[PDB]
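In structure tokens, the next block holds one chain alone, the form deposited in one PDB entry.
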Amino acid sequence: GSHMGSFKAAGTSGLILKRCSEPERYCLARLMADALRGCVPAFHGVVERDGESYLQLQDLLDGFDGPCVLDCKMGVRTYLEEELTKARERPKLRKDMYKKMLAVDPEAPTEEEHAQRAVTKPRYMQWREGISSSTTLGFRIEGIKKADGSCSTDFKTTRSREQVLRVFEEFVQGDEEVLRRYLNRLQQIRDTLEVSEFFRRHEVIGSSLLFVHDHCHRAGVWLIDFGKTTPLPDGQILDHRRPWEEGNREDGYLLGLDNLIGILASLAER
């Protein structure tokens, strides 16, 4: 298997290039020497391709024969707290996000948003959290790429525990071995997160769990996308379960993982 926005084919077999960003490069470097080393794609350093910097990553699809892929965005919160400060002091009115909001729900915007034809990023991202499962379950399905070539990103209103279960039910297509392997992996990831020095000291926002399986029953799960993962002020740590309140920088990451494990455990007994 192979993946090939921000991605480019690598020179070397089994690798992929992702546009380098400073938060993400800092994170992947730290993760290679963390408990979470095996839970993330291998990071091999940075390369230049036509004057641009790329992260050299493990292509997670490379082991698989016609991979099925599900991207699950983790956390009750999907934006940095500084976005709220910027939206109050010096707001950037996003005409595009008003349109994207209008497209999903023409009646979601306020009187004033309608008049602006524009919303703030945090307002848009909080709305996306509330009509998806992000706010109540601490994760949401972002998309699926199936082995039949078909892909879907039509999950913005996938919200209830039972709606999420039905997406995973269709994704695994009755393969008990794949589901057992996903649950074993998620249990071991949760154990690793609970002991990780990196995880206790970082606010993990905008990251995904990438589920990958094939018709040969190979199955894996990795954490990806550390573009918005930021170190806490030294000596401060998060519990990753307690509710977010502006200033505490809580992400609900483990509330999301606990709920996700519960849903797959439910599916396995159906």
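Heads up, when I say rigid core I mean the largest set of C-alphas that superpose within 1.5 Å between the two forms. Counting begins at 1, following the sequence as shown.
S.K.: With respect to the deposited sequence, is there a break between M4 and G5 in this entry, and if so is it 1 to 3, 4 to 9, or 10 or more residues, or none at all?
M.R.: Missing residues, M4 to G5: 4 to 9.
S.K.: Which of the two stretches, 153-161 or 187-195, shows the higher mean Cα temperature factor in the record?
M.R.: It is 153-161.
S.K.: Would 214-222 or 48-56 have the larger average of its C-alpha temperature factors, as given in the entry?
M.R.: Looking at the recorded C-alpha B-factors, 48-56 comes out higher on average.
S.K.: Taking the values straight from the PDB record, which of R180, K146, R140, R128 has the highest C-alpha temperature factor?
M.R.: Within the set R180, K146, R140, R128, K146 shows the top C-alpha B-factor.
S.K.: Among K99, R166, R77, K73, single out the one with the highest C-alpha B factor in the record, please.
M.R.: So the option with the highest C-alpha B-factor is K99.
S.K.: Would you mind ranking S134 by its C-alpha B-factor against the rest of the chain and naming the third, lowest, middle or highest?
M.R.: Ranked within chain, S134 CA B lands in the lowest tercile.
S.K.: Based on the entry's values, in what third of the chain does the Cα temperature factor of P231 lie: lowest, middle or highest?
M.R.: Highest third of the chain for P231's C-alpha B-factor.
S.K.: Is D258 in the lowest, middle or highest third of its chain when residues are ranked by C-alpha B-factor?
M.R.: For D258, whose C-alpha B-factor we compare with every modelled residue in the chain, the answer is the lowest third.
S.K.: Split the chain's modelled residues into thirds by Cα B-factor; is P41 in the lowest, middle or highest one?
M.R.: Its C-alpha B-factor, which the entry lists for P41, ranks in the lowest third among residues of this chain.
S.K.: Thinking about Cα B factors across the chain, which third does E22 belong to?
M.R.: For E22, the deposited C-alpha B-factor lands in the highest third.
Below, we refer to the form deposited in another entry, which is not included among the displayed structures.
S.K.: Can you tell which residue in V167, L186, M125, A147 has its CA shifted by 2 Å or more between this form and the one not shown when the core is superposed?
M.R.: So the residue whose C-alpha moves 2 Å or more is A147.
S.K.: After the core is overlaid between this form and the one not shown, has the C-alpha of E107 moved by 2 angstroms or more?
M.R.: Yes, shifts by 2 Å or more.
S.K.: Closer or farther: how do the Cα atoms of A147 and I16 compare in the other form relative to this form, given a change of at least 3 Å?
M.R.: Closer: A147 and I16 approach by 3 Å or more in the other form.
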